[PDB]
Amino acid sequence: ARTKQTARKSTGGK
Amino acid sequence: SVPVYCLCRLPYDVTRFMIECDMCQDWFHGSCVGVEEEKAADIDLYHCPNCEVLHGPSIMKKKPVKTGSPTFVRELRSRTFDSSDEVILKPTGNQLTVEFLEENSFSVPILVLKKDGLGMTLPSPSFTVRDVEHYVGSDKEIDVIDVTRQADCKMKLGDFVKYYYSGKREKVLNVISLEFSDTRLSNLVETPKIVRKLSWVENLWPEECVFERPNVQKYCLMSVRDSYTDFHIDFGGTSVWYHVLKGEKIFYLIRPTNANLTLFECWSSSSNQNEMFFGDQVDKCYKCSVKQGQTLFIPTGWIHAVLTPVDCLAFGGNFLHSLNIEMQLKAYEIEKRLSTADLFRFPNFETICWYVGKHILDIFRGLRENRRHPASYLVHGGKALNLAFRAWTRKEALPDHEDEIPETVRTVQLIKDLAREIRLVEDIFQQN
Ligand SMILES: O=C(O)CNC(=O)C(=O)O
Ligand SMILES: [Fe+2]
Ligand code: NI
Ligand SMILES: [Zn+2]
Ligand SMILES: [Zn+2]
């Protein structure tokens, strides 16, 4: 199913 | 103004599994709707509890290997890939200059065998993860990837270290998001000179400016044997410098052609994503080994996955530059269409673009005043960037973009002046 991938390099974002 | 999702109406939490409802287009936590990760795969089109009663149940699909599984890693190790030697450039540290990159617009991966000449400052190969703890902080929280689950988790650096040197590892954990720019470890590391020379933030981000400076140039990678990171395009379409201090890393590189970018976007929004190797869908997937003391440079837009064949400690970072501005913008649009949470996007991407635009303007004018012309890639990039500027400032779109526009920037004048300069160069380029 359409799922958000989280195993990636984060930037802290916002 | 923070968005919320699911039946629980909570802001995004990267530590929880989420699926999208086709009907709603809203996202739902697996645990909130009773869908376990292991069974999510069997669902093609998910219908949330509400949409279900109003428009029928979810659409089921129809053994498959699960990406990140121990079986997946073994099969990957035995897969035949294309030899990266036929495409990657191997300049020496002293040959890797801005001029060298401009020759082909830094369009293919670059692997430097020895740090000599890279102007890189790093601790010795005897640095340990334990030393990272001492310099970063045992109590600092970090994002850790549970490779078997291909999901992000959060724990104390100190806890991760305990797991690392632990005489047992029932779980495959991988740390790839520890940016230490604001810790003391930052004093022991200087990014490659070529990175600092090309970096938009490094050179064009002013002091204060009302926006926090994006810090994504110094990351510490601590990966245990068999860790695996699936195919992706780094945030903001940034380029990547990757130095293996101890151990080894294997990269699977795919060129960002229009076909592969389309294939990538379809794969990133599929219901099968975790059951298929994206590498099998492209014509060329290059396998590149990066060993101790070697430094890999990944260009804008290049799709890649990463396997850690042995425990590994490495340093790396991300940076935006002007050699392929259109590709950076393309990556940016893909992130938007995929509903990418902010923690996986380049922070203040649009703001730095505005500063770059202003800068590129001065360069064009500066070159014209000194009876000289810009390289072709700059013209192409200046143009794609000016197009984005126009798109972000259109009456109907401005509300979603005005906030990132620097106060010291006159959008209309910038856009008009840039269009003038670009057009001039295009006329001169037409003479020949
Ligand atoms: O080290 C890893 O497992 C994954 N790393 C990357 O994708 C990177 O640094 O760009
Ligand atoms: Fe990456
Ligand atoms: Ni940058
Ligand atoms: Zn929920
Ligand atoms: Zn719904």
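Heavy-atom basis, side chains included; hydrogens, waters and symmetry copies ignored. Both ligands and their constituent atoms are indexed starting at 1 by order of listing. Letters A, B, ... mirror the listed sequences (proteins, then strands); counts begin at 1.
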* Asked: Does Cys24(B) put an N, O or S atom under 2.8 Å from the Zn ion (ligand 5)?
  -> yes
* Compute the angle centred on the Zn ion (ligand 4) spanning SG of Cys32(B) and SG of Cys6(B), and express it rounded to 10 degrees. => 110°
* Give me the ring orientation class for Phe251(B) and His304(B): parallel if the planes are under 30° apart, tilted from 30 to 60°, perpendicular past 60°. => tilted
* **Whether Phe349(B) and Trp392(B) hold their rings parallel, tilted or perpendicular, with breakpoints at 30° and 60°** => perpendicular
* Round to 10° and report the angle made at the Zn ion (ligand 4) by ND1 of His29(B) and SG of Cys8(B). => 100°
* Qualifying residue, where the test is side-chain hydrogen bond (donor to acceptor under 3.5 Å, both in side chains) with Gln5(A) and the options are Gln150(B), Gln273(B), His232(B) -> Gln273(B)
* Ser223(B) side chain to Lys249(B) side chain, donor-acceptor N/O pair below 3.5 angstrom -> yes
* To do: For the atoms SG of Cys21(B) and SG of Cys48(B), give the angle they form at the Zn ion (ligand 5), rounded to 10 degrees.
  => 100°
